[PDB]
Amino acid sequence: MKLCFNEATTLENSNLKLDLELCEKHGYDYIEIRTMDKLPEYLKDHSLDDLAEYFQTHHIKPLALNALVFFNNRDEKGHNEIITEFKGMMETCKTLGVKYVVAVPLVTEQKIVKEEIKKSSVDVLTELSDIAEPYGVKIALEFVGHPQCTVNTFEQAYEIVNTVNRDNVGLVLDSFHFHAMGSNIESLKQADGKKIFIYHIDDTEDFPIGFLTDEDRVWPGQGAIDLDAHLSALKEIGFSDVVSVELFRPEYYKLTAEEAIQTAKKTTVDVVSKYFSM
Ligand SMILES: [Zn+2]
Numbered sequence: 001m002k003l004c005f006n007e008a009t010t011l012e013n014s015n016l017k018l019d020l021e022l023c024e025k026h027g028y029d030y031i032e033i034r035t036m037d038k039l040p041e042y043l044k045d046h047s048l049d050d051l052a053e054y055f056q057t058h059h060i061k062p063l064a065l066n067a068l069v070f071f072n073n074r075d076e077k078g079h080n081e082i083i084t085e086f087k088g089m090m091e092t093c094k095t096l097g098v099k100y101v102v103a104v105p106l107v108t109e110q111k112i113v114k115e116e117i118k119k120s121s122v123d124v125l126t127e128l129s130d131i132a133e134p135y136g137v138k139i140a141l142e143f144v145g146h147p148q149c150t151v152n153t154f155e156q157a158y159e160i161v162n163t164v165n166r167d168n169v170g171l172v173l174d175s176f177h178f179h180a181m182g183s184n185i186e187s188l189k190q191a192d193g194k195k196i197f198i199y200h201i202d203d204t205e206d207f208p209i210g211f212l213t214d215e216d217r218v219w220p221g222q223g224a225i226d227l228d229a230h231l232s233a234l235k236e237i238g239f240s241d242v243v244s245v246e247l248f249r250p251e252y253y254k255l256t257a258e259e260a261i262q263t264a265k266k267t268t269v270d271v272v273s274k275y276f277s278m
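Note that the sequence shown covers residues 1 to 278 in the deposited numbering.
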């Protein structure tokens, strides 16, 4: 299983240029690039070709672009924003050789029946799939374990992906999100491992579901998530391609970029290697 770094982990104490240097130095195989801040920032004094050249000349590679944000249940205008951004991301993936694009469900206070959220998510993901085919890029749906996220549990997200039924549409299994709204481990055990594109590892303080937010995450193994169950299930269903460490804890932004990157690696490797050869 390959090791990947998610820039959220050093959101406030690093930048893409530094993340690349340190992740490369510390044996990471992949990095997930943030499109809403890290990449634009990097592009202020670098070109996409510079970045493409970097990947061509170093071990580390770009696993995915992070977040086509709020793709489902949008009005005409919002849908336009989503499609326009995804089309733009396709060009970026092509230039940098990126394999995945993570998609995040709509977060809203509006109550929408599940069948409406499903129909919209399936229709939009199918449209994104159609767009991605000529680029060979795959879409990874990351359900978010938040009470205001329209798709917040594993089974709901899996049902959507299975209904889309496209080889280039899968899931991002994030341990925190799985735990955050109480997804059932049995649902994961019965899932097709091939539909899991990316595994985001993390952990969390033991607050009840509904109260949990991303700032509550802590390093893998230092929290209350039954990671043993998650890892055992992933192994059982055949997933084993990659694990990316994603944290949003303010506390860790107080560390240097390197301390965070090295700690993210050690905690992740020490937990995951008990189930997978890395
Ligand atoms: Zn995640």
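All C-beta atoms, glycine included, are put in the ideal place defined by N, C-alpha and C.
- In terms of CA proximity to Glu85, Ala103 leads the group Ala103, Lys99, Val98, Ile117.
- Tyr100 has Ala64, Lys138 as its beta-bridge partners, per DSSP.
- Annotation: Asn165 to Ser129 spans about 10 Å, alpha carbon to alpha carbon.
- Proximity of the beta carbon of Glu246 to ligand 1 is indicated: a heavy atom of the ligand is located closer than 6 Å.
- Relative to the Cα of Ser277, the nearest Cα in the group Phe239, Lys194, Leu51, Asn162 belongs to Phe239.
- In this structure, the beta-carbon distance from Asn72 to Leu106 falls below 7 Å.
- For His200, the beta-bridge partners assigned by DSSP are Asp174, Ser244.
- DSSP places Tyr30 in the uninterrupted beta strand (DSSP E) bounded by 30-34.
- Shown here for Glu53: not one same chain residue has a beta carbon closer than 6 Å to its own, the five before and five after excluded.
- DSSP places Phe55 inside the alpha helix (DSSP H), whose first and last residues are 48-56.
- The criterion of a C-beta distance shorter than 7 Å is satisfied by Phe55 and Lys61.
- Under the three-state reduction of DSSP output, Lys2 falls in the strand class.
- Sequence-distant Cβ neighbours of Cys23 in its own chain, meaning closer than 7 Å and more than five residues away, are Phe5, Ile31, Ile60, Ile261.
- In this structure, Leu173 keeps its C-beta atom at 7 Å or more from the C-beta atom of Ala157.
- For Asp214, the CB stays at least 6 Å from every heavy atom of ligand 1.
- Assignment of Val113 by DSSP, reduced to helix, strand and coil, places it in the coil class.
- Going by C-alpha positions, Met181 is about 29 Å away from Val137.
- Rounded to whole angstroms, the Cβ separation of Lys38 and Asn15 is 7 Å, and the two are in contact under 8 Å.
- A straight-line Cα-Cα distance of about 15 Å links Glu109 and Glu116.
- Here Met36 is exposed. Its C-beta has fewer than 16 other C-beta atoms within 10 Å.
- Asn184 sits exposed, since fewer than 16 C-beta atoms from the chains shown fall within 10 Å of its C-beta.
- For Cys93, no pairing in a beta bridge is given by DSSP.
- Only residues of its own chain outside the window of five on either side were considered, and among them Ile33, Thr35, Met89, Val98, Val101 have a CB closer than 6 Å to the CB of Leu65, listed in chain order.
- For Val169, the secondary structure class from DSSP, reduced to helix, strand or coil, is strand.
- Buried is the label assigned to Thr10, since at least 16 other Cβ atoms lie within 10 Å of its Cβ.
- Relative to ligand 1, the nearest heavy atom lies less than 6 Å away from the CB of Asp174.
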